[PDB]
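The structure file upload28.cif is reproduced below (mmCIF, C-alpha atoms).
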```
data_protein
#
loop_
_atom_site.label_atom_id
_atom_site.label_comp_id
_atom_site.auth_asym_id
_atom_site.auth_seq_id
_atom_site.Cartn_x
_atom_site.Cartn_y
_atom_site.Cartn_z
CA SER A 298 19.87 -66.89 73.21
CA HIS A 299 21.15 -70.12 74.77
CA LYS A 300 19.94 -72.14 71.80
CA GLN A 301 21.63 -69.76 69.34
CA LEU A 302 24.87 -69.98 71.30
CA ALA A 303 24.78 -73.78 71.25
CA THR A 304 24.06 -73.77 67.51
CA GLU A 305 26.95 -71.42 66.76
CA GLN A 306 29.19 -73.67 68.84
CA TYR A 307 28.16 -76.61 66.66
CA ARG A 308 28.87 -74.71 63.45
CA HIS A 309 32.25 -73.58 64.77
CA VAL A 310 33.23 -77.14 65.66
CA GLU A 311 32.38 -78.36 62.17
CA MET A 312 34.35 -75.63 60.41
CA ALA A 313 37.38 -75.98 62.67
CA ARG A 314 37.50 -79.72 62.02
CA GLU A 315 37.38 -79.39 58.24
CA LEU A 316 40.04 -76.68 58.36
CA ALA A 317 42.35 -78.94 60.35
CA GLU A 318 41.92 -81.43 57.51
CA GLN A 319 42.88 -78.79 54.96
CA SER A 320 45.96 -77.80 56.98
CA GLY A 321 47.21 -81.38 56.95
CA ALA A 322 46.58 -81.49 53.22
CA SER A 323 48.62 -78.32 52.69
CA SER A 324 51.60 -79.73 54.60
CA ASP A 325 51.59 -82.92 52.54
CA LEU A 326 51.46 -80.80 49.40
CA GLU A 327 54.47 -78.85 50.66
CA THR A 328 56.49 -82.04 50.84
CA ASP A 329 55.29 -83.02 47.37
CA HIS A 330 56.37 -79.66 45.95
CA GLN A 331 59.83 -79.90 47.46
CA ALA A 332 60.23 -83.20 45.63
CA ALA A 333 58.85 -81.53 42.50
CA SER A 334 61.45 -78.77 42.42
CA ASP A 335 64.19 -81.34 42.98
CA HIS A 336 62.93 -83.20 39.92
CA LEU A 337 62.97 -80.03 37.84
CA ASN A 338 66.63 -79.43 38.66
CA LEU A 339 67.46 -83.03 37.78
CA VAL A 340 65.82 -82.60 34.39
CA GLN A 341 67.74 -79.41 33.64
CA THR A 342 71.02 -81.15 34.43
CA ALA A 343 70.09 -84.02 32.12
CA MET A 344 69.41 -81.51 29.35
CA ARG A 345 72.85 -79.98 29.64
CA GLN A 346 74.78 -83.24 29.85
CA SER B 298 34.46 -45.13 77.27
CA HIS B 299 34.62 -42.80 74.27
CA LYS B 300 38.23 -41.80 74.94
CA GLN B 301 39.43 -45.36 75.63
CA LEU B 302 38.37 -47.03 72.39
CA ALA B 303 39.83 -44.50 69.95
CA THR B 304 43.27 -44.79 71.53
CA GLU B 305 42.97 -48.57 71.47
CA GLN B 306 42.13 -48.39 67.76
CA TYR B 307 45.18 -46.24 67.08
CA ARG B 308 47.43 -48.71 68.89
CA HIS B 309 45.99 -51.50 66.74
CA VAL B 310 46.55 -49.41 63.61
CA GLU B 311 50.21 -49.17 64.59
CA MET B 312 50.42 -52.92 65.16
CA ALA B 313 48.88 -53.64 61.75
CA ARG B 314 51.28 -51.11 60.18
CA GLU B 315 53.99 -53.36 61.52
CA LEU B 316 52.43 -56.69 60.54
CA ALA B 317 51.95 -55.77 56.88
CA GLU B 318 55.63 -54.87 56.55
CA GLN B 319 56.73 -58.08 58.23
CA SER B 320 54.49 -59.94 55.77
CA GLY B 321 55.96 -58.30 52.68
CA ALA B 322 59.48 -58.82 53.98
CA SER B 323 58.64 -62.46 54.64
CA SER B 324 57.47 -63.00 51.07
CA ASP B 325 60.61 -61.41 49.66
CA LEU B 326 62.69 -63.57 52.00
CA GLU B 327 60.81 -66.61 50.70
CA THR B 328 61.93 -65.81 47.17
CA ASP B 329 65.46 -65.24 48.45
CA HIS B 330 65.52 -68.61 50.22
CA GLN B 331 64.31 -70.28 47.03
CA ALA B 332 67.28 -68.74 45.24
CA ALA B 333 69.55 -69.90 48.06
CA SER B 334 68.28 -73.46 47.69
CA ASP B 335 69.03 -73.13 43.98
CA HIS B 336 72.62 -72.26 44.87
CA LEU B 337 72.69 -75.30 47.16
CA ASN B 338 71.60 -77.45 44.25
CA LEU B 339 74.37 -75.98 42.11
CA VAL B 340 76.90 -76.94 44.79
CA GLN B 341 75.37 -80.41 45.00
CA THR B 342 75.84 -80.79 41.26
CA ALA B 343 79.41 -79.53 41.50
CA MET B 344 80.21 -82.28 44.02
CA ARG B 345 80.13 -85.03 41.39
CA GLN B 346 82.09 -82.91 38.94
CA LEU C 1039 87.89 -77.33 35.19
CA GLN C 1040 86.87 -74.58 32.78
CA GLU C 1041 83.30 -75.72 33.34
CA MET C 1042 83.94 -75.53 37.09
CA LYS C 1043 85.07 -71.95 36.83
CA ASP C 1044 82.31 -70.95 34.42
CA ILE C 1045 79.84 -72.11 37.04
CA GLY C 1046 82.39 -70.68 39.47
CA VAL C 1047 81.12 -72.65 42.47
CA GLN C 1048 83.83 -73.52 44.99
CA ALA C 1049 82.36 -77.04 45.35
CA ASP C 1050 83.92 -77.96 48.71
CA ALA C 1051 81.89 -80.49 50.69
CA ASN C 1052 82.30 -78.56 53.94
CA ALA C 1053 81.06 -75.30 52.44
CA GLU C 1054 78.26 -77.27 50.77
CA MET C 1055 76.91 -78.66 54.04
CA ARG C 1056 77.35 -75.30 55.78
CA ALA C 1057 75.55 -73.33 53.08
CA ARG C 1058 72.71 -75.83 52.82
CA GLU C 1059 72.21 -75.94 56.58
CA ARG C 1060 72.20 -72.14 56.76
CA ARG C 1061 69.62 -71.84 53.99
CA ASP C 1062 67.42 -74.49 55.60
CA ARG C 1063 67.64 -72.65 58.92
CA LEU C 1064 66.68 -69.45 57.11
CA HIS C 1065 63.74 -71.28 55.52
CA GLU C 1066 62.57 -72.36 58.96
CA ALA C 1067 63.12 -68.93 60.53
CA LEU C 1068 61.20 -67.28 57.70
CA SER C 1069 58.36 -69.77 58.14
CA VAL C 1070 58.39 -68.77 61.81
CA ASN C 1071 58.17 -65.12 60.76
CA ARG C 1072 55.18 -65.82 58.52
CA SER C 1073 53.48 -67.74 61.33
CA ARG C 1074 54.16 -64.87 63.74
CA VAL C 1075 52.62 -62.43 61.26
CA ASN C 1076 49.60 -64.73 61.07
CA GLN C 1077 49.08 -64.87 64.84
CA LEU C 1078 49.51 -61.13 65.26
CA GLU C 1079 47.04 -60.48 62.44
CA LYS C 1080 44.63 -62.75 64.29
CA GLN C 1081 45.15 -60.55 67.35
CA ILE C 1082 44.54 -57.40 65.30
CA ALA C 1083 41.23 -58.81 64.11
CA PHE C 1084 40.18 -59.91 67.59
CA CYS C 1085 40.97 -56.55 69.16
CA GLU C 1086 39.33 -54.56 66.36
CA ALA C 1087 36.08 -56.51 66.50
CA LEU D 1039 76.56 -91.98 28.30
CA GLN D 1040 76.96 -94.26 31.30
CA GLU D 1041 76.19 -91.22 33.44
CA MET D 1042 73.02 -90.66 31.41
CA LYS D 1043 72.04 -94.26 32.11
CA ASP D 1044 72.84 -93.78 35.80
CA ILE D 1045 70.61 -90.73 36.14
CA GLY D 1046 68.00 -92.77 34.28
CA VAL D 1047 65.75 -89.77 33.75
CA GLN D 1048 64.49 -89.77 30.18
CA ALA D 1049 64.58 -85.96 30.34
CA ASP D 1050 63.10 -84.77 27.08
CA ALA D 1051 62.96 -81.03 26.37
CA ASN D 1052 59.20 -81.16 25.83
CA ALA D 1053 59.00 -83.08 29.09
CA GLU D 1054 61.41 -80.57 30.57
CA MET D 1055 59.44 -77.38 30.17
CA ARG D 1056 56.20 -79.26 30.78
CA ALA D 1057 57.48 -80.56 34.12
CA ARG D 1058 58.73 -77.17 35.24
CA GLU D 1059 55.38 -75.59 34.37
CA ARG D 1060 53.48 -78.30 36.22
CA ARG D 1061 55.58 -78.06 39.34
CA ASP D 1062 55.73 -74.25 39.45
CA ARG D 1063 51.99 -73.79 39.03
CA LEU D 1064 51.77 -76.51 41.67
CA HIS D 1065 53.91 -74.46 44.07
CA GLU D 1066 51.81 -71.34 43.59
CA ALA D 1067 48.54 -73.25 43.91
CA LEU D 1068 49.84 -74.77 47.14
CA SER D 1069 50.71 -71.36 48.53
CA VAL D 1070 47.27 -70.02 47.64
CA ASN D 1071 45.53 -72.99 49.28
CA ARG D 1072 47.57 -72.47 52.43
CA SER D 1073 46.56 -68.81 52.47
CA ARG D 1074 42.88 -69.68 52.06
CA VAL D 1075 43.03 -72.23 54.87
CA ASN D 1076 44.65 -69.63 57.12
CA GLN D 1077 41.96 -67.08 56.24
CA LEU D 1078 39.15 -69.49 57.09
CA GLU D 1079 40.81 -70.49 60.36
CA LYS D 1080 41.08 -66.84 61.33
CA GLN D 1081 37.37 -66.42 60.61
CA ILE D 1082 36.60 -69.39 62.85
CA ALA D 1083 38.65 -67.93 65.69
CA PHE D 1084 36.71 -64.69 65.25
CA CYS D 1085 33.41 -66.51 65.62
CA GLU D 1086 34.55 -68.43 68.71
CA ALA D 1087 35.84 -65.32 70.47
#
```
Any chance you could put this one into C-alpha coordinates?
Amino acid sequence: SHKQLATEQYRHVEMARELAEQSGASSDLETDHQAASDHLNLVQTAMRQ
Amino acid sequence: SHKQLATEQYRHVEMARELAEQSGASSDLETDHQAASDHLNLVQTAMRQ
Amino acid sequence: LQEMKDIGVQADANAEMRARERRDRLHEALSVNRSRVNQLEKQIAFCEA
Amino acid sequence: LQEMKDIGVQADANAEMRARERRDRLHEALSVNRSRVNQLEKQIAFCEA
(Lines of atoms letter the chains of each structure in order from A and count residues from 1; the text may use other names and numbers.)
(Lines give C-alpha, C1' and ligand atoms only; values in the text may rest on other atoms or scores of the structure.)
Protein backbone atom coordinates (compact mmCIF):
# COMPACT_ATOMS: atom_id res chain seq x y z
CA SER A 1 0.00 0.00 0.00
CA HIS A 2 2.90 2.37 0.69
CA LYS A 3 4.14 2.03 -2.87
CA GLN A 4 0.67 2.74 -4.28
CA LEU A 5 0.37 5.81 -2.06
CA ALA A 6 3.72 7.14 -3.24
CA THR A 7 2.76 6.52 -6.87
CA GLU A 8 -0.55 8.33 -6.52
CA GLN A 9 1.33 11.22 -4.92
CA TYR A 10 3.57 11.38 -7.98
CA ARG A 11 0.61 11.38 -10.37
CA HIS A 12 -1.13 14.08 -8.34
CA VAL A 13 1.95 16.30 -8.42
CA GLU A 14 2.20 16.01 -12.20
CA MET A 15 -1.46 16.85 -12.80
CA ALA A 16 -1.47 19.76 -10.37
CA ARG A 17 1.56 21.27 -12.07
CA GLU A 18 0.10 21.09 -15.56
CA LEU A 19 -3.17 22.55 -14.31
CA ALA A 20 -1.34 25.51 -12.79
CA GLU A 21 0.08 26.06 -16.26
CA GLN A 22 -3.40 26.01 -17.77
CA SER A 23 -4.69 28.48 -15.17
CA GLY A 24 -1.99 30.97 -16.09
CA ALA A 25 -2.87 30.47 -19.74
CA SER A 26 -6.53 31.20 -19.04
CA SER A 27 -5.72 34.46 -17.25
CA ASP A 28 -3.57 35.66 -20.14
CA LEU A 29 -6.39 34.79 -22.51
CA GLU A 30 -8.76 36.85 -20.35
CA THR A 31 -6.60 39.91 -20.86
CA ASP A 32 -6.43 39.20 -24.59
CA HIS A 33 -10.22 38.97 -24.80
CA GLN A 34 -10.73 42.26 -22.99
CA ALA A 35 -8.55 43.88 -25.64
CA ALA A 36 -10.55 42.01 -28.29
CA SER A 37 -13.91 43.40 -27.22
CA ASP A 38 -12.42 46.89 -27.09
CA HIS A 39 -11.32 46.45 -30.69
CA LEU A 40 -14.80 45.34 -31.73
CA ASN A 41 -16.33 48.50 -30.29
CA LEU A 42 -13.74 50.63 -32.08
CA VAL A 43 -14.64 48.99 -35.38
CA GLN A 44 -18.35 49.59 -34.90
CA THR A 45 -17.71 53.27 -34.24
CA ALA A 46 -15.60 53.50 -37.38
CA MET A 47 -18.46 51.97 -39.36
CA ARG A 48 -20.91 54.60 -38.19
CA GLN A 49 -18.65 57.60 -38.70
CA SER B 1 -22.94 5.41 12.15
CA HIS B 2 -26.01 4.73 10.01
CA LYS B 3 -27.93 7.70 11.41
CA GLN B 4 -24.99 10.13 11.17
CA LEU B 5 -24.19 9.81 7.48
CA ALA B 6 -27.71 10.25 6.10
CA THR B 7 -28.14 13.53 7.96
CA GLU B 8 -24.73 14.66 6.75
CA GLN B 9 -25.79 13.85 3.18
CA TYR B 10 -28.96 15.90 3.57
CA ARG B 11 -26.99 18.89 4.85
CA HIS B 12 -24.72 18.61 1.81
CA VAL B 13 -27.76 18.39 -0.47
CA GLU B 14 -28.93 21.69 1.01
CA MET B 15 -25.52 23.27 0.48
CA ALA B 16 -25.45 22.16 -3.17
CA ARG B 17 -29.02 23.46 -3.60
CA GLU B 18 -27.55 26.80 -2.64
CA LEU B 19 -24.38 26.60 -4.75
CA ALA B 20 -26.21 25.86 -8.00
CA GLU B 21 -28.38 28.95 -7.57
CA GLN B 22 -25.40 31.14 -6.78
CA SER B 23 -23.77 29.77 -9.95
CA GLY B 24 -26.73 30.57 -12.20
CA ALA B 25 -27.08 34.02 -10.67
CA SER B 26 -23.36 34.58 -11.22
CA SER B 27 -23.62 33.74 -14.92
CA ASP B 28 -26.57 36.08 -15.37
CA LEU B 29 -24.64 38.78 -13.52
CA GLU B 30 -21.73 38.19 -15.89
CA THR B 31 -23.96 38.98 -18.85
CA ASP B 32 -25.28 42.03 -17.00
CA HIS B 33 -21.76 43.30 -16.32
CA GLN B 34 -20.89 42.85 -19.98
CA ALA B 35 -23.86 45.05 -20.84
CA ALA B 36 -22.72 47.55 -18.21
CA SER B 37 -19.26 47.70 -19.77
CA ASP B 38 -21.01 48.33 -23.09
CA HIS B 39 -22.73 51.32 -21.53
CA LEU B 40 -19.35 52.49 -20.24
CA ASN B 41 -18.01 52.31 -23.78
CA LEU B 42 -20.96 54.37 -25.00
CA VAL B 43 -20.14 57.04 -22.42
CA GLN B 44 -16.48 56.90 -23.44
CA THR B 45 -17.50 57.53 -27.03
CA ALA B 46 -19.78 60.37 -25.97
CA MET B 47 -16.83 62.10 -24.29
CA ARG B 48 -15.22 63.08 -27.59
CA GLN B 49 -18.57 64.15 -29.04
CA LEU C 1 -26.69 67.51 -30.19
CA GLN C 2 -29.54 65.57 -31.79
CA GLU C 3 -27.11 62.67 -32.06
CA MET C 4 -26.30 63.15 -28.38
CA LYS C 5 -29.93 62.86 -27.42
CA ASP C 6 -30.62 59.96 -29.77
CA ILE C 7 -27.90 58.07 -27.95
CA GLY C 8 -29.26 59.87 -24.90
CA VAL C 9 -26.12 59.39 -22.80
CA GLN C 10 -25.48 62.20 -20.32
CA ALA C 11 -21.76 62.14 -21.20
CA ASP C 12 -20.41 63.88 -18.10
CA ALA C 13 -16.85 62.91 -17.22
CA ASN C 14 -17.64 62.53 -13.52
CA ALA C 15 -20.56 60.19 -14.15
CA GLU C 16 -18.39 58.35 -16.67
CA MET C 17 -15.65 57.57 -14.16
CA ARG C 18 -18.20 56.71 -11.47
CA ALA C 19 -20.18 54.33 -13.68
CA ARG C 20 -17.06 52.63 -15.04
CA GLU C 21 -15.59 52.16 -11.57
CA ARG C 22 -18.87 50.74 -10.29
CA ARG C 23 -19.13 48.26 -13.16
CA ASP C 24 -15.51 47.19 -12.70
CA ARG C 25 -16.15 46.67 -8.99
CA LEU C 26 -19.21 44.61 -9.89
CA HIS C 27 -17.09 42.58 -12.32
CA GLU C 28 -14.63 41.85 -9.52
CA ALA C 29 -17.33 41.07 -6.96
CA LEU C 30 -19.02 38.71 -9.41
CA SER C 31 -15.71 36.99 -10.09
CA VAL C 32 -15.41 36.60 -6.32
CA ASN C 33 -18.89 35.05 -6.27
CA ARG C 34 -17.95 32.56 -8.98
CA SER C 35 -14.77 31.67 -7.11
CA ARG C 36 -16.76 31.20 -3.90
CA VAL C 37 -19.16 28.90 -5.73
CA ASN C 38 -16.15 26.95 -6.98
CA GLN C 39 -14.64 26.46 -3.52
CA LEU C 40 -17.95 25.48 -1.96
CA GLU C 41 -18.56 22.98 -4.77
CA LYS C 42 -15.13 21.56 -4.00
CA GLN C 43 -16.26 21.19 -0.39
CA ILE C 44 -19.49 19.48 -1.48
CA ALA C 45 -17.48 16.94 -3.46
CA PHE C 46 -15.02 16.33 -0.61
CA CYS C 47 -17.75 15.80 1.96
CA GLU C 48 -19.84 13.57 -0.32
CA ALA C 49 -16.94 11.27 -1.19
CA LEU D 1 -12.07 62.52 -42.49
CA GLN D 2 -9.23 63.70 -40.27
CA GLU D 3 -10.95 61.83 -37.45
CA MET D 4 -11.00 58.70 -39.63
CA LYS D 5 -7.27 59.12 -40.15
CA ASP D 6 -6.78 59.64 -36.41
CA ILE D 7 -8.57 56.43 -35.48
CA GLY D 8 -6.47 54.78 -38.18
CA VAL D 9 -8.50 51.59 -38.10
CA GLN D 10 -9.21 50.47 -41.64
CA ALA D 11 -12.55 49.14 -40.37
CA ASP D 12 -14.13 47.36 -43.29
CA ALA D 13 -17.60 45.84 -42.88
CA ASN D 14 -16.35 42.42 -43.92
CA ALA D 15 -13.54 42.89 -41.43
CA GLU D 16 -16.12 44.19 -38.97
CA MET D 17 -18.37 41.17 -38.67
CA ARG D 18 -15.39 38.86 -39.07
CA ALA D 19 -13.62 40.48 -36.12
CA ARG D 20 -16.68 40.37 -33.90
CA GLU D 21 -17.18 36.69 -34.70
CA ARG D 22 -13.53 35.91 -33.99
CA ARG D 23 -13.47 37.73 -30.69
CA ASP D 24 -16.84 36.45 -29.45
CA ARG D 25 -16.09 32.82 -30.20
CA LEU D 26 -12.77 33.58 -28.53
CA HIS D 27 -14.55 34.78 -25.37
CA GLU D 28 -16.72 31.68 -25.18
CA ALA D 29 -13.80 29.34 -25.87
CA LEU D 30 -11.87 31.08 -23.09
CA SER D 31 -14.73 30.60 -20.65
CA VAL D 32 -15.00 26.92 -21.56
CA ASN D 33 -11.26 26.39 -21.10
CA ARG D 34 -11.40 28.05 -17.70
CA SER D 35 -14.26 25.76 -16.72
CA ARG D 36 -12.35 22.67 -17.85
CA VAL D 37 -9.25 23.71 -15.91
CA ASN D 38 -11.38 24.22 -12.81
CA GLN D 39 -12.97 20.79 -13.24
CA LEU D 40 -9.61 19.07 -13.51
CA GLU D 41 -8.25 20.94 -10.49
CA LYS D 42 -11.25 19.82 -8.46
CA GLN D 43 -10.55 16.23 -9.51
CA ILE D 44 -6.95 16.59 -8.36
CA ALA D 45 -8.04 17.92 -4.97
CA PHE D 46 -10.36 14.92 -4.69
CA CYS D 47 -7.48 12.52 -5.31
CA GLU D 48 -5.20 14.25 -2.80
CA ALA D 49 -7.82 14.28 -0.05
Query raised in the report: What lies within 7 Å of stretch 321-334 of chain A using only C-alpha atoms, ignoring chain neighbours under 2 positions off, as a VMD selection string?
Result: (chain A and resid 317 to 319 336 to 338) or (chain D and resid 1061 1065 1068 1072)
Report task. Go through A:345, A:340, A:335, A:302 one by one, measure the shortest atom-to-atom distance of each to chain B using only C-alpha atoms, and give the residue with the smallest value. Result ->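 Going through A:345, A:340, A:335, A:302 one by one, the smallest distance to chain B is for A:335.
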Query raised in the report: Once the PyMOL selection byres ((chain C and resi 1083) around 10) has been applied to the shown file, what residues remain in the selection, as a PyMOL selection string?
Result: (chain B and resi 309+313) or (chain C and resi 1077-1082+1084-1087) or (chain D and resi 1080-1081+1083-1084)
Report task. Give me, please, the distance in Å between atom CA of residue B:310 and atom CA of residue C:1071, quoted to one decimal. Result ->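 Atom CA of residue B:310 sits 19.7 Å away from atom CA of residue C:1071.
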Chain A post-superposition (all in-order Cα pairs with chain B) as a CSV table (one decimal) with C-alpha atoms, keeping the file's coordinate frame:
```csv
chain,number,residue,atom,x,y,z
A,298,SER,CA,34.8,-45.2,77.3
A,299,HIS,CA,34.9,-43.2,74.1
A,300,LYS,CA,38.5,-42.1,74.8
A,301,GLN,CA,39.6,-45.7,75.5
A,302,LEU,CA,38.0,-46.9,72.3
A,303,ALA,CA,39.8,-44.2,70.3
A,304,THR,CA,43.1,-45.1,72.0
A,305,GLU,CA,42.7,-48.8,71.3
A,306,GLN,CA,41.9,-47.9,67.7
A,307,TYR,CA,45.2,-46.0,67.5
A,308,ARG,CA,47.2,-48.9,68.9
A,309,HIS,CA,45.5,-51.3,66.5
A,310,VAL,CA,46.4,-49.1,63.5
A,311,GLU,CA,50.0,-49.0,64.6
A,312,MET,CA,50.3,-52.7,65.1
A,313,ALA,CA,48.5,-53.6,61.8
A,314,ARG,CA,50.8,-51.3,59.9
A,315,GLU,CA,54.0,-52.8,61.3
A,316,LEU,CA,52.7,-56.3,60.7
A,317,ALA,CA,52.0,-55.5,57.0
A,318,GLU,CA,55.7,-54.5,56.8
A,319,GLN,CA,56.7,-57.8,58.3
A,320,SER,CA,54.5,-59.7,55.9
A,321,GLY,CA,56.2,-58.0,52.9
A,322,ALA,CA,59.6,-58.9,54.5
A,323,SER,CA,58.6,-62.5,54.8
A,324,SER,CA,57.6,-62.8,51.1
A,325,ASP,CA,60.9,-61.3,50.0
A,326,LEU,CA,62.7,-63.8,52.2
A,327,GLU,CA,60.7,-66.6,50.5
A,328,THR,CA,62.1,-65.5,47.2
A,329,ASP,CA,65.6,-65.3,48.6
A,330,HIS,CA,65.3,-68.8,50.0
A,331,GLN,CA,64.1,-70.3,46.7
A,332,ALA,CA,67.3,-68.9,45.2
A,333,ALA,CA,69.3,-70.3,48.1
A,334,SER,CA,68.1,-73.9,47.6
A,335,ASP,CA,68.8,-73.6,43.9
A,336,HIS,CA,72.4,-72.6,44.8
A,337,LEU,CA,72.7,-75.6,47.1
A,338,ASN,CA,71.8,-78.0,44.3
A,339,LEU,CA,74.2,-76.4,42.0
A,340,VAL,CA,77.0,-76.8,44.5
A,341,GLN,CA,76.2,-80.5,45.0
A,342,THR,CA,76.4,-81.1,41.2
A,343,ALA,CA,79.7,-79.3,41.1
A,344,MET,CA,81.0,-81.6,43.8
A,345,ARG,CA,80.1,-84.7,41.9
A,346,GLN,CA,81.5,-83.6,38.5
```
Report task. In Å, rounded to a single decimal, give me how far atom CA of residue C:1057 is from atom CA of residue D:1045. Result ->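 These atoms are spaced 24.8 Å apart.
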Query raised in the report: Could you work out how far atom CA of residue B:314 lies from atom CA of residue C:1073, giving the answer in Å with one decimal?
Result: 16.8 Å
Query raised in the report: After a least-squares superposition of chain D on chain C over all Cα atoms matched in order, what is the RMSD to one decimal?
Result: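 Root-mean-square deviation of the C-alpha atoms: 0.7 Å.
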Query raised in the report: Taking only C-alpha atoms into account, which of D:1049, D:1074, D:1059, D:1069 comes nearest chain B?
Result: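 Of D:1049, D:1074, D:1059, D:1069, the one nearest chain B is D:1069, counting only C-alpha atoms.
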Requested in this report: I need the residue set behind the PyMOL selection byres ((chain D and resi 1042) around 12) for this file; please write it as a list in words.
Outcome: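 Expected selection for the PyMOL selection byres ((chain D and resi 1042) around 12) here is residues 339, 340, 342, 343, 344, 345 and 346 of chain A; 1039, 1040, 1041, 1043, 1044, 1045, 1046, 1047, 1048 and 1049 of chain D.
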Requested in this report: Choose the residue, out of B:298, B:320, B:311, B:304, that has the smallest atom-to-atom separation from chain C; count all atoms listed in the file.
Outcome: B:320
Rebuild stretch 317-337 of chain A to N, CA, C and O atoms - output it as a PDB file, in the frame of the given file, please.
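The resulting part25.pdb:
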```
ATOM      1  N   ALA A 317      41.214 -78.119  59.952  1.00  0.00           N
ATOM      2  CA  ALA A 317      42.350 -78.940  60.350  1.00  0.00           C
ATOM      3  C   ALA A 317      42.696 -79.930  59.238  1.00  0.00           C
ATOM      4  O   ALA A 317      43.878 -80.133  58.903  1.00  0.00           O
ATOM      5  N   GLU A 318      41.668 -80.548  58.651  1.00  0.00           N
ATOM      6  CA  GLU A 318      41.920 -81.430  57.510  1.00  0.00           C
ATOM      7  C   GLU A 318      42.698 -80.699  56.427  1.00  0.00           C
ATOM      8  O   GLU A 318      43.714 -81.202  55.920  1.00  0.00           O
ATOM      9  N   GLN A 319      42.231 -79.508  56.056  1.00  0.00           N
ATOM     10  CA  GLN A 319      42.880 -78.790  54.960  1.00  0.00           C
ATOM     11  C   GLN A 319      44.323 -78.430  55.312  1.00  0.00           C
ATOM     12  O   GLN A 319      45.192 -78.435  54.433  1.00  0.00           O
ATOM     13  N   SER A 320      44.593 -78.102  56.576  1.00  0.00           N
ATOM     14  CA  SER A 320      45.960 -77.800  56.980  1.00  0.00           C
ATOM     15  C   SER A 320      46.872 -79.001  56.765  1.00  0.00           C
ATOM     16  O   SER A 320      47.982 -78.875  56.219  1.00  0.00           O
ATOM     17  N   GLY A 321      46.423 -80.179  57.202  1.00  0.00           N
ATOM     18  CA  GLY A 321      47.210 -81.380  56.950  1.00  0.00           C
ATOM     19  C   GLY A 321      47.470 -81.570  55.466  1.00  0.00           C
ATOM     20  O   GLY A 321      48.594 -81.883  55.036  1.00  0.00           O
ATOM     21  N   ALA A 322      46.424 -81.381  54.659  1.00  0.00           N
ATOM     22  CA  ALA A 322      46.580 -81.490  53.220  1.00  0.00           C
ATOM     23  C   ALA A 322      47.677 -80.561  52.719  1.00  0.00           C
ATOM     24  O   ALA A 322      48.545 -80.964  51.936  1.00  0.00           O
ATOM     25  N   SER A 323      47.651 -79.305  53.169  1.00  0.00           N
ATOM     26  CA  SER A 323      48.620 -78.320  52.690  1.00  0.00           C
ATOM     27  C   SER A 323      50.043 -78.751  53.033  1.00  0.00           C
ATOM     28  O   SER A 323      50.957 -78.607  52.214  1.00  0.00           O
ATOM     29  N   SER A 324      50.253 -79.272  54.244  1.00  0.00           N
ATOM     30  CA  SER A 324      51.600 -79.730  54.600  1.00  0.00           C
ATOM     31  C   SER A 324      52.073 -80.856  53.691  1.00  0.00           C
ATOM     32  O   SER A 324      53.226 -80.847  53.210  1.00  0.00           O
ATOM     33  N   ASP A 325      51.205 -81.834  53.439  1.00  0.00           N
ATOM     34  CA  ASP A 325      51.590 -82.920  52.540  1.00  0.00           C
ATOM     35  C   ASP A 325      51.953 -82.370  51.173  1.00  0.00           C
ATOM     36  O   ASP A 325      52.950 -82.779  50.556  1.00  0.00           O
ATOM     37  N   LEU A 326      51.154 -81.424  50.683  1.00  0.00           N
ATOM     38  CA  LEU A 326      51.460 -80.800  49.400  1.00  0.00           C
ATOM     39  C   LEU A 326      52.816 -80.125  49.433  1.00  0.00           C
ATOM     40  O   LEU A 326      53.549 -80.147  48.439  1.00  0.00           O
ATOM     41  N   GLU A 327      53.162 -79.488  50.552  1.00  0.00           N
ATOM     42  CA  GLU A 327      54.470 -78.850  50.660  1.00  0.00           C
ATOM     43  C   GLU A 327      55.580 -79.853  50.407  1.00  0.00           C
ATOM     44  O   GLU A 327      56.520 -79.598  49.636  1.00  0.00           O
ATOM     45  N   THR A 328      55.491 -81.003  51.071  1.00  0.00           N
ATOM     46  CA  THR A 328      56.490 -82.040  50.840  1.00  0.00           C
ATOM     47  C   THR A 328      56.535 -82.427  49.360  1.00  0.00           C
ATOM     48  O   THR A 328      57.618 -82.524  48.745  1.00  0.00           O
ATOM     49  N   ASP A 329      55.356 -82.627  48.770  1.00  0.00           N
ATOM     50  CA  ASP A 329      55.290 -83.020  47.370  1.00  0.00           C
ATOM     51  C   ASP A 329      56.012 -82.001  46.491  1.00  0.00           C
ATOM     52  O   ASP A 329      56.749 -82.366  45.567  1.00  0.00           O
ATOM     53  N   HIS A 330      55.821 -80.722  46.783  1.00  0.00           N
ATOM     54  CA  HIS A 330      56.370 -79.660  45.950  1.00  0.00           C
ATOM     55  C   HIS A 330      57.877 -79.535  46.106  1.00  0.00           C
ATOM     56  O   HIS A 330      58.578 -79.209  45.138  1.00  0.00           O
ATOM     57  N   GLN A 331      58.391 -79.784  47.309  1.00  0.00           N
ATOM     58  CA  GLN A 331      59.830 -79.900  47.460  1.00  0.00           C
ATOM     59  C   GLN A 331      60.383 -80.949  46.502  1.00  0.00           C
ATOM     60  O   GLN A 331      61.312 -80.687  45.714  1.00  0.00           O
ATOM     61  N   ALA A 332      59.795 -82.148  46.543  1.00  0.00           N
ATOM     62  CA  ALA A 332      60.230 -83.200  45.630  1.00  0.00           C
ATOM     63  C   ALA A 332      60.141 -82.727  44.180  1.00  0.00           C
ATOM     64  O   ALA A 332      61.021 -83.011  43.352  1.00  0.00           O
ATOM     65  N   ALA A 333      59.073 -82.000  43.863  1.00  0.00           N
ATOM     66  CA  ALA A 333      58.850 -81.530  42.500  1.00  0.00           C
ATOM     67  C   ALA A 333      60.002 -80.656  42.019  1.00  0.00           C
ATOM     68  O   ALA A 333      60.545 -80.858  40.923  1.00  0.00           O
ATOM     69  N   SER A 334      60.364 -79.655  42.817  1.00  0.00           N
ATOM     70  CA  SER A 334      61.450 -78.770  42.420  1.00  0.00           C
ATOM     71  C   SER A 334      62.746 -79.547  42.240  1.00  0.00           C
ATOM     72  O   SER A 334      63.516 -79.295  41.294  1.00  0.00           O
ATOM     73  N   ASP A 335      63.010 -80.492  43.144  1.00  0.00           N
ATOM     74  CA  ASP A 335      64.190 -81.340  42.980  1.00  0.00           C
ATOM     75  C   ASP A 335      64.187 -81.997  41.605  1.00  0.00           C
ATOM     76  O   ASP A 335      65.202 -82.006  40.889  1.00  0.00           O
ATOM     77  N   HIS A 336      63.037 -82.550  41.221  1.00  0.00           N
ATOM     78  CA  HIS A 336      62.930 -83.200  39.920  1.00  0.00           C
ATOM     79  C   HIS A 336      63.235 -82.235  38.790  1.00  0.00           C
ATOM     80  O   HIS A 336      63.922 -82.589  37.823  1.00  0.00           O
ATOM     81  N   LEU A 337      62.705 -81.016  38.879  1.00  0.00           N
ATOM     82  CA  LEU A 337      62.970 -80.030  37.840  1.00  0.00           C
ATOM     83  C   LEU A 337      64.470 -79.831  37.653  1.00  0.00           C
ATOM     84  O   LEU A 337      64.983 -79.825  36.523  1.00  0.00           O
TER      85      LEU A 337
END
```
